[PDB]
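Read off the chains here:
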Amino acid sequence: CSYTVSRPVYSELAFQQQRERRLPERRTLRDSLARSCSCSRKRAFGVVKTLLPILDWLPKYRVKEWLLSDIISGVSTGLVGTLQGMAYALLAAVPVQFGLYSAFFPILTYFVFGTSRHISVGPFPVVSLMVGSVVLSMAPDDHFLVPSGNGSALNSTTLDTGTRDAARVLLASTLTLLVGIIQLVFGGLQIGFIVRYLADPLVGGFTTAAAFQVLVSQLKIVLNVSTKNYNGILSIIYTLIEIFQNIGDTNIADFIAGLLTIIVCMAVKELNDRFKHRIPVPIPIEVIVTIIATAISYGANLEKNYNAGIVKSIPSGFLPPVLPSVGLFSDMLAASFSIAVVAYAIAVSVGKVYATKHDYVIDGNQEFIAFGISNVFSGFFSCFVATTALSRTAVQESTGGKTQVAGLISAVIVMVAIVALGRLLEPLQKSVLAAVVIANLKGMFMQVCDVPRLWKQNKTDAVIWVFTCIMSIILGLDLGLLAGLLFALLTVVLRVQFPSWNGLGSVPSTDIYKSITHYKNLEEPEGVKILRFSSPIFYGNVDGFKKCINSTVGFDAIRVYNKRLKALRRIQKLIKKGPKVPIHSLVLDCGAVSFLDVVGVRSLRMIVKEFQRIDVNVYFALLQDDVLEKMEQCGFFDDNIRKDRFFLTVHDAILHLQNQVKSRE
Amino acid sequence: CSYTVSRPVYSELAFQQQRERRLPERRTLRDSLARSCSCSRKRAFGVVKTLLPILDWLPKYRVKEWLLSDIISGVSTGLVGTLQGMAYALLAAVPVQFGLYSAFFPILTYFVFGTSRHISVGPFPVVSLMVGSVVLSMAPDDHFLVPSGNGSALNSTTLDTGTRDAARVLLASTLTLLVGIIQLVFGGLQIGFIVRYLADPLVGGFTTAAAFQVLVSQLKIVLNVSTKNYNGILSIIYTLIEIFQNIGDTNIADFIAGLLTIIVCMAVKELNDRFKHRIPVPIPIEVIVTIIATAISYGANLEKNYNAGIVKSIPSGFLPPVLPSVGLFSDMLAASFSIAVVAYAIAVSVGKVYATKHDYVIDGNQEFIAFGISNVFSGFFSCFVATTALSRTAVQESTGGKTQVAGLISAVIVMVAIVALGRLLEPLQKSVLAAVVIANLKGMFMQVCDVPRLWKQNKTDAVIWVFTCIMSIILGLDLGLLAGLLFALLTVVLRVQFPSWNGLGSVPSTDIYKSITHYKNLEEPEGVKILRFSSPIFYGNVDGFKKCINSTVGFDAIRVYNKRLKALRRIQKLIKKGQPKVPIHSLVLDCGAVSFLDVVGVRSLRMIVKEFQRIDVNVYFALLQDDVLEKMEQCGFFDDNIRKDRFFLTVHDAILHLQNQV
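Cut-off values and rules
Residues numbered from 1 in each chain as written, not as in the entry; some residues may be left out. Chains lettered and ligands numbered in written order. Heavy atoms only, no water. Residues with missing side-chain atoms left out of burial classes, pairs and counts. Helix = DSSP H or I, 4+ residues; strand = E, 2+ residues; numbered from the N terminus. Expected span 1.5 Å × (residues − 1). Buried < 20%, exposed > 50% of the residue type's maximum accessible area, 1.4 Å probe, protein only. Patch = residues over 30% accessible without salt bridge, like charges linked within 9 Å, V, L, I, M, F, W, Y side chains within 5 Å. Areas by Shrake-Rupley, 256 points an atom, 1.4 Å probe, with all protein chains shown as cover. Salt bridge = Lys/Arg side-chain N within 4 Å of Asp/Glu carboxyl O. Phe/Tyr/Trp six-rings, centres within 6.5 Å; stacked < 30°, edge-to-face > 60°. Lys NZ or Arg CZ within 6 Å of the ring centre and 35° of its normal. Pairing = 2+ DSSP bridges. Axes fitted to C-alpha atoms, helices over the stretch in contact; angles between N-to-C directions. Contact = heavy atoms within 4.5 Å. Right-handed = clockwise from strand over helix to strand, strands pointing away. Disulfide = S-S within 2.5 Å. Polar contact = N/O pair within 3.5 Å; in protein donor to acceptor, adjacent residues only side chain to side chain.

Per the deposited record, determination of this structure is attributed to cryo-EM, with the resolution reported as 3.76 Å.

A word on helix α13 (residues 285-299) of chain A
Relative to the 21 Å expected for 15 residues at 1.5 Å per residue, α13(A) spans 21 Å between its end C-alpha atoms, a close match to the ideal helical length. A:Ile285, A:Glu286, A:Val287, A:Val289, A:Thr290, A:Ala293, A:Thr294 and A:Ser297 are the residues of α13(A) that are buried.

Some words on a nonpolar patch on the surface
Residues A:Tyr230, A:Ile237, A:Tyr238, A:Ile241, A:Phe244 and A:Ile247 make up a contiguous nonpolar surface patch of about 560 Å² in total accessible area. Here A:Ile247 shows up in the loop between α11 (235-245) and α12 (252-274).

As for the packing of aromatic side chains
All names here are of chain A. Overall, the coordinates contain 54 aromatic pairs over all chains when judged by the stated rule. Here the aromatic rings of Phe-555 and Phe-611 are separated by 6.3 Å at their centres, their planes lie at 50°, and the arrangement is tilted. An aromatic cluster of at least three residues, connected via ring pairs, comprises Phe-98, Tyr-101, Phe-104, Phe-105, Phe-318, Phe-377 and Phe-381. Stacked on the ring of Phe-15, the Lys or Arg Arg-19 has its end atom at 4.8 Å from the ring centre. One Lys or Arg, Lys-643, reaches over the ring of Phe-637 and ends 4.5 Å from the middle of that ring.

Some thoughts on the pattern of salt bridges
Residues and elements named next belong to chain A. Per the counting criterion, the structure on display carries 26 salt bridges over all chains. Its salt-bridge partner being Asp-556, residue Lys-546 comes within 4.0 Å of it at the nearest N-O pair. Placement of the pair is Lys-546 in helix α23 (residues 542-553) and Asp-556 in the loop between α23 and α24 (557-577), with a sequence separation of ten residues.

Quick look at the sheet that holds strand β6 (residues 586-589) of chain B
Residues and elements named next belong to chain B. In spatial order, the strands read β5-β6-β7; together these three strands make up an open sheet with parallel pairing. Looking at which strands have only one partner, the edges of the open sheet turn out to be β5 (528-531) and β7 (618-620). Geometrically, the sheet is characterised by an average inter-axis angle of 20° between neighbouring strands, direction not taken into account. Of the strand pairs in this sheet, β5 and β6 are connected by four bridges, and their pairing is parallel. By the bridge assignment, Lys-529 is partnered in β6 with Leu-587.

Digging into the environment of B:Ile285
Residue and element names in this part refer to chain B. Along the chain, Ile-285 turns up in helix α11 (residues 285-298). Expressed as a C-alpha distance, the spacing of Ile-285 and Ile-418, which sit 133 residues apart in the sequence, is 23 Å. Discounting residues that sit within four places of it in the chain, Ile-285 has contacts with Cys-265 and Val-268.

Section: unusual backbone geometry
Residues and elements named next belong to chain B. Although it is not a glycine, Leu-234 adopts a positive phi angle of roughly 55°. Structurally, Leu-234 can be placed in the loop between α8 (209-222) and α9 (235-245). A positive phi angle is found at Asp-616, which is not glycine, with a value near 60°. When you line up the elements, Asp-616 lands in the loop between α23 (599-613) and β7.

Comments concerning the pairing of β6(B)
Across the two faces of β6(B) the burial is the same, with B:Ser586 and B:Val588 and B:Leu587 and B:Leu589 all buried. This β-α-β element, β6(B) to α23(B) to β7(B), shows right-handed connectivity.

With respect to the state of the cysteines
On inspection of all chains with the given rule, the structure shows zero disulfides over all chains. Looking at A:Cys590, it has no disulfide partner, and the nearest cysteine sulfur is the one in A:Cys548, 9.1 Å off. Accessibility expressed as a relative area gives 4% for A:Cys590, which makes it buried. Sulfur of B:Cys548: no disulfide; nearest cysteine sulfur belongs to B:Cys591 and is 9.8 Å away.

Quick notes on the side chain of B:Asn246
All names here are of chain B. Topologically, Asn-246 is positioned in the loop between α9 and α10 (252-274). On the basis of relative accessible area, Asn-246 is assigned to the buried category, the value being 19%. Within the local environment of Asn-246, its side chain forms a polar contact with the side chain of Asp-249, the two groups lying 3.5 Å apart. Those residues in contact with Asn-246 that lie beyond four places of it in its chain are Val-225 and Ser-226.

Dropping the structure here:
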């Protein structure tokens, strides 16, 4: 149809006279906390169902085919998870059995408190890398060597193989307990807005840098070299230079085997990902490559005849729960917070992906509480921080997963691989385990291809991606996230400090106002200069507003007034002996403002007062209701600054100006 | 007065098909790099005028209330400057001989370069300990430690003199020169936007604990309490509890002397404020309480007979300029960066606190080079850093003062006190001059009255004021402003993340759309609702914008889709076996107050459109004026079905679009 209206000019006062405002509701803090405190059995049952979602999806099971689906998904996910755990155990500097421990107990703890259906709780390469880094920083290698072995010249201060692993495991357990406590605190206190600051480019750059560091560490492990656990500033660059300098002390057989298995795994993964229409079930390349590696390494004595690197330290059993060593929280609080927030971000991302893929809901605070309880239970049984790997979750989702029972069955695989099975993997080379991690880095390595796409998009988002990726390499990985979130907040502040001000004008015989820098055939008011200023004025962009006004009016309210004062005294001395030509008004279209920051309303009133002395009216166009109600309490409407200065719409101000010019010459 | 604005409804594609755009100027620097100042002499004369802020106020002052007002004010702040030079020099581990030079030379170069009134350039208490910290670290206390003097058992390892303090002054002079060139090189690239981040409650909440810091720093000297030096965390608390713990060895004669003077000085001060219409020129009680204190001390021997504490160490005569050591600038460079930042922070914080009572807003670029070259001119003469004390800037502004000439005449008082008036203020009890700063300190102690005032105006800045106050007490004045600077910026990102979102509704027989939570007797279109987030959709408020929709529409687009397919599969098996949706048709997001968008916002906003599209409920938008519109189409928002037709220029066009469609 059409758009035509006719109404009087309600600027500020002609609107609030015949409009009865809605009185605010009574606070009544006592009755508010009393009424909010629920006591009926309905709320109790609701909070019990929410806190314990196990009683929700259990009674409505579909056992008929879900039994077979869950058993096959469980055996597959159990194999994949025990392989990923025995691989990531090297990233946390812990023995190979504690990876299987952290692949068994967290699943059982998440089965009774989780809210997802496809999330495979277990180890994670980035989290394991951060745990290993903080363990090396808190317990380096040169702090355990004991002089023994009747050395030639000095005391034989060889490696501390033995009690060193116990100290590392205790440190990892304390770290896991602290991370679980932090997650439970963040969950119970309903403080979940802290993880919203992890932007998509920020987390992308962080994952890219973490994958690069994981590649460096796994290359160090494959080459079988001995570094000095460089940590701190430029740790990755220093250890990479050391690797490049320590090439001579490598193992040719281990390097050849690692390169071969890397090529094979990458080729098989690419073939399975590309030609999916011919093979429905993904081929477990990890399982078959581990089997063939154990078979080849058992035929010939690869440990003695080839001097390879194997585990051969699997006791094939459990251990009683050990009390955590409390007291190391003050020196690892920041590291635990970083690990917890990155693990929660990755878990929420994986959950949202595999939930929008399967069309079900996943609660954030419930996942936080579940991961907290899982890490707390893991800290009592010598396990590290658990998360959900994108590669491990993909297997359970591709093989067909409906409920967490497949995860419970996935624990049975690790269960039988801990009690009796497990000692058969004795001659397995450590390079094979250190290779699948590199093969799983293809997902995060291909994330760099977004920079050419983000650069064509909003450039400020691309700068955050490059800055987060680079800064998370210089000053380590744990402190790199803190340097990324602060940089993102500073970039947000810069976008609200430097707005996009224009010369908004009206199309001929219209009422909508568009910018003048993007159109040609626009008419401007005779004398009046319209201005729009987004990014609401606060204490940091008030000088920007001053400069924008001075640029859009052509002059300055200070210099013109000083010139007028200088010309006035020349008149009073001449009688004793014997600029602002085009500018008529200023309509500020501050319609994109949210807050006002009274520190800035002071300068706004100062501007209004200064422009009044030079006989230049400064009006407003589209101020919001809440903004005006806030400015009223900030001392802005004095006996001279009435409400007639403000307006409701932009066209009403121009109409009032035209009417005043026509009725008053 | 009505007006006819009859115009067909214009969407985005319906407005660009008949109009024309303007070719955006890329403005490449390959040929436009010489457009600032090529040959025009007008731009060259402008930067020289701003470089020398002496040709602005000096050829413009009025001598009516200038001569007598600044002279009585200059001697007031000049006396305080002499006492600070005699006290802060001892804290910097250097001999107390150049303290008067730090108040004379920097003022001369700052009198011409620098436009910031009510500021007395000189030493600052918290910046003197930073200079003394790097001296004791990079220079041992005993350089030679000559073991001579025929002691009791072993050789008398007496501390070497003469050459020890000489290297201490040389090291301190090199640091001031290194800070000066670092302060000057910052003005090269013109980083003047850092001062814009200092809000009035930020500088107000900073110069209230510093007023408490300068109070406890002047309380230990007015009571003669030998306390240790404390810096870092809990610095103000540790010094306060030390005075209360070591209050025993307190000079009773000096206590009653300062207590009697602090009362009479503030009583006449408020008396002048009451009788300001009777006496035109304010009576300079500072020089009055000074001459009577030296009289009662010289005539009674308060030092050798009462132990009251006097200066008795006033130097005499200037010294020729000495060249510094350039080869030592490398070691001092690692520590001078921390001192140079905190020096400029306190320097401009005391300039903005007085910008609220007088319209004298200053610029950061000019003050960065003003204090920069002043410390350079302070260099080569074995002077101190070119900071500004909080006590001297209070005694100059409260007791008269019009321009910076009061600092120039104050240096003249220091110039005559070093060459000819050394023996005059010899028996000065160091109490009437150390407590006179507390009288003028009421101008900053009474600044806490804005907390109940700002609380009723805006709750956010009221918390910012009290946060910087309590944080500067614990973390000291060094980290107090730094932590408050990030906290002030944190309130900006929080107010933009959690806005006052409300559903809008039109007024009857009109096209004005306002919030329905603040009005009554409104109406809402049957099946069409309005939502105005009034905040940009960045990576932080992504889920907040989602929670704003599901809480306003009544239902949740996520839970109604899975239950729909669940019921669809439930009724599907019943056909083979044998056989809470709100009537709201669509929603129009009135996201017109958005100023910027990011990649996370345009991706999440696309998911919202695809989410409601599956529930047979359309989603429309509102005015995207110039930037938030072109950024969406650039980030890949329109692929096959989503087009610019769903947007609207005005909010009423969105309601009229859904009206005639049905």
